[PDB]
């Protein structure tokens, strides 16, 4: 039987302390790798200062200097750039991932999952009037299939403490935007409810009627974001093309494993929290003997080339 792998995706909204936490966890250097955020790709390789381009566009939209449509085309392109290292990495990793599986051979810790750039952030900008809901569902359509052992760590942090940390940890080109903070915090909260809804037997088509008046309520999941008028026939029915994208979203999220990390503590308190959380995460076998070292290389090389 092949070596076992543990994949761990540290996600949730920005500004809770997810970079310093795992930086602290980025400290044996051989049997566990930390794939950092592809900052260099964001600022240089894919495009010039993408983050700056994102926050400026939202701002200019806010000031009424540009229109909702202009802001959408810019936002949509940028989200393509933002997402690409997360997309390639997944594509090359996938063949190495086997079935589910006692300490593991290799632990991979990623800064974020593809659904950050393919679902969560697009959905947030939609709530911010800077992306059409059709684009969001286009990104959703391209969400890679959910491999086994997809453990996503999401954050818990009270809004005020979050604003504090966010203010002290602003990436280059970023503007402190409390409406975006609430957009993203709400998207990620809805995302956690969405996984519980799907796992408890939730069927979106069954409860879709309830958006008009032992699991969450559909109005508390991400499905509620797509009762958008753009997506709807004259008689209020969802177009089938959009409904199929919801079927996909449902399929992808139902099989991810969600773990909540309380960030409301000290940097190494978060670290220990992350280690405690691992005992419940799902390991997978790899698919070939030389999968472990191949994975290790991809990881170290991603780090070196696109890490901050």
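Residue numbers count along the first chain shown, from 1. Rigid core here is just the name for the largest C-alpha set that superposes within 1.5 Å across the two forms.
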Is 160-168 or 225-233 the stretch whose C-alphas end up farther from this model in 8 other deposited structures of this protein after a rigid core fit?
160-168
Farther-lying stretch by C-alpha RMS in 8 other deposited structures of this protein (rigid core fit) among 204-212, 89-97:
204-212
Counting only other entries that model residues on either side of residue 104, is it left out in at least a third?
no
Relative to the other compared entries, is residue 144 without coordinates in a third or more of them?
no
Between residue 213 and residue 214, determine how many residues of the deposited chain lack coordinates; answer none if the chain runs continuously, otherwise 1 to 3, 4 to 9, or 10 or more.
10 or more
Gap size, residue 76 back to residue 75 (deposited sequence, no coordinates):
none
Mean Cα B-factor comparison, 186-194 or 142-150, giving the higher one as deposited:
142-150
Higher avg CA temperature factor (252-260 vs 279-287, as deposited) belongs to 279-287
Choose from 209, 85, 155, 99 the residue with the greatest Cα B-factor as stated in the PDB record.
209
Among the candidates 36, 64, 46, 269, give the one with the maximum CA B-factor reported in the record.
269
Using the temperature factors of the C-alpha atoms in this entry, rank residue 54 within its chain: lowest, middle or highest third.
middle
Going by the entry, which third of its chain does the Cα temperature factor of residue 219 land in?
lowest
Splitting the chain's C-alpha B-factors into thirds, which one does residue 107 fall into?
middle
Please say which third, lowest, middle or highest, residue 2 falls into when its CA temperature factor is compared across its chain.
highest
Taking the values exactly as deposited, rank residue 71 by C-alpha B-factor within its chain and report the matching third: lowest, middle or highest.
highest
